[PDB]
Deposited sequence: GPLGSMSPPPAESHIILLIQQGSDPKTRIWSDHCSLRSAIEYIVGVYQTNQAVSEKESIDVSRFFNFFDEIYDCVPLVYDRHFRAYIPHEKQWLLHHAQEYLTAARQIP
């Protein structure tokens, strides 16, 4: 219901690594995956980490239709690229 973004992460096929987190904004979702990347150690290295080591899917809350919309991993990764280049 409330949470703007629900993030679904996993490391390979291990069901024990399937961790979800709730975020009040896209910024908060981006800071979370940068956090995952930082604690488990460049744009190319960041993208490859989320293509080979971890997998992630954002579910974005559509307030008008009271529904969660799944978005592609590349959508969140592209927005993260815009955060990392600015900061």
Exercise. So which bits of the deposited chain never got modelled?
Worked result: 1 to 10, 52 to 59, 106 to 109
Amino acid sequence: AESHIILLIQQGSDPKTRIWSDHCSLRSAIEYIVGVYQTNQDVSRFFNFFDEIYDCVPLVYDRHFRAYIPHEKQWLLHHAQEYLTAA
From here on, numbers count along this sequence of modelled residues.
Exercise. Between 72 to 80 and 14 to 22, which has the higher average C-alpha B-factor in the PDB entry?
Worked result: 72 to 80
Problem set entry | Entry-level comparison of average CA B-factors, 56 to 64 and 42 to 50, reporting the higher stretch | 42 to 50
